[PDB]
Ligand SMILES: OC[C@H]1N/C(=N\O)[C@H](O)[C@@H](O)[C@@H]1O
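We begin with a single chain expressed as structure tokens, specifically the form deposited without the named molecule.
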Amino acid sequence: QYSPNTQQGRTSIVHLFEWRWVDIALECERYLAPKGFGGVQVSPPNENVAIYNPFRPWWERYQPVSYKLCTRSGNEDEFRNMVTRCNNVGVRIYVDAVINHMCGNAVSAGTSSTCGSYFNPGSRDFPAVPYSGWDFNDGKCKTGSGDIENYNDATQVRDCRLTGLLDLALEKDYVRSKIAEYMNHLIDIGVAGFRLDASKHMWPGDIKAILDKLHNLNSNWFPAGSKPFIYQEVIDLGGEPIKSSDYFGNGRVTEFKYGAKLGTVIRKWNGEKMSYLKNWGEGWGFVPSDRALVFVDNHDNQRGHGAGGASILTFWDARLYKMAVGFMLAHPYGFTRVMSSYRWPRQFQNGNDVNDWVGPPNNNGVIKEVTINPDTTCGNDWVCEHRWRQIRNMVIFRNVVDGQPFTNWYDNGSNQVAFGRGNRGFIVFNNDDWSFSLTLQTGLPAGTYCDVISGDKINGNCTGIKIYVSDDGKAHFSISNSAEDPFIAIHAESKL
């Protein structure tokens, strides 16, 4: 469950948050395959509540109605078409599996659902699954409200309703089997793995029992006996009884400390400084690298109220965000996920964004196509961070340097740092309020290298900065604090 099942030499996943299946299929073919991306995390592909107050929020997709593959992203045939097309170009699909819960207990009964299935939260009736009252934790939860009230009680965190979401009775073989039926439908379609949503709200052993029911990956595309990649969304920032290590026997875990701390460092909050990153990884209290799914931001915490709060860097913070993403993609810790977002009219009142619910770009609730501009950016309010030169080129950097050790660290005791990845890549950052001009040991073979942040290697030339590595492995780097991107990255495949 720990291996991503990407092609060898492809080392990241991208979250194409709220994208439609047909757009992901096209993106696999036209961009993700040629640019070296390992795979795509898709939004939940199962039927959810259609919520109209407020209007079609992103978070309606975390309120299941059934396991029909029928959502605003598309129907089952469209989902299968995407998985097939992506697998056929060697780009994997990972499903966001919403399996802890059904919808909010106070949602009105009816057919306000993305496939029109009937459901009745108040009577616990989800006939399109089917689930009934026997399949929820009403009787097991011991809190006075029926909801999670106190995260210091690890039992109620698992047995009670997360902000009122009806909590499935995951100890029951019937329920485990309905979840496995859904997940095996997806595996047999060709998905390579899963994000397990709300994993802190499930017992490790119930997750294990579900995983024990799962198939190996579809043998038309994957070697025999390949296990689905599992990454469990466990928010563990310390200071609560639940530890993400309890989940290591099932798969990887999301390491939310990663982006929280990287954000604080890059923002220079509380005296933190990039020079402190020399021992980034387990030295910062993180999970073992081989159990980590890492990211700068995710779809929930990029809205400011998630794990990490205001420290999280996002596309709105583009300059610092590119630096953070670049550090992540250069550093060997973890398996990396890049975010790809949509723009919304963020409107802070009293320090909080009142429009943080807004769903994906849409016309009357129908999600807009992703259009591609001549300059390779996206239209229709899709941000497409994964197409930013500085991010895409660092996705490639990570591939190029795969397996190479962290080495040749330098820092100035403040926020000018650099390091290499064996003899295959080198990266230099200036997050101080002055220039960084110094000759550094790069570990690379002598030659001329294109900086892949300011430019590209195209037609045997560099379009941006060029770095000259001498026979001693040293090269001079100059980065003004006024530079568009105050970091430089070079690697074996950017050498002229």
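Only residues modelled in both forms are compared. Each residue number is its position in the shown sequence, starting from 1. By rigid core we mean the largest C-alpha set that fits within 1.5 Å across both forms.
Relative to its counterpart among 195-203 and 374-382, 374-382 has the higher mean temperature factor, C-alpha atoms as listed in the PDB entry. Mean CA B-factor, 12-20 versus 478-486: the higher value falls on 478-486. Comparing the listed residues 67, 37, 58, 468, the entry records the largest Cα B-factor for 468. Looking only at 288, 133, 259, 190, the residue with the top Cα B factor in the deposited structure is 133.
In the PDB entry, a CA B factor belonging to the lowest third of its chain's modelled residues is recorded for residue 248. Among the modelled residues of its chain, residue 239 has a C-alpha B-factor that falls in the highest third, as given in the PDB entry. Among all modelled residues in this chain, the alpha-carbon of residue 336 has a temperature factor (C-alpha) in the lowest third. In the deposited entry, the Cα temperature factor of residue 430 sits in the middle third of values across the chain's modelled residues. The deposited CA B-factor of residue 79 belongs to the middle third of values across its chain.
Beyond the structure shown, there is the form deposited with the named molecule bound, which is absent from this document and is the topic of what follows.
Put simply, residue 200 is close to the named molecule in the deposited bound form: some heavy atom of it is within 4.5 Å. At the 4.5 Å threshold, heavy atoms of residue 162 reach the named molecule in the deposited bound form. Of the heavy atoms in residue 235, some are within 4.5 Å of the named molecule in the deposited bound form. Using a 4.5 angstroms limit between non-hydrogen atoms, residue 381 is distant from the named molecule in the deposited bound form. Heavy atoms within 4.5 Å of the named molecule in the deposited bound form are found in exactly one of 323-331, 200-208, 182-190, 395-403, that being 200-208.
Checking 138, 240, 149, 411 for any heavy atom within 4.5 Å of the named molecule in the deposited bound form turns up a single hit: 240.
Residues of 461-496 placing a heavy atom within 4.5 Å of the named molecule in the deposited bound form: none. Fitting the two forms on their rigid core shows CA movement of 2 Å or more between the shown form and the other one over just one run of at least three residues, at 304-306.
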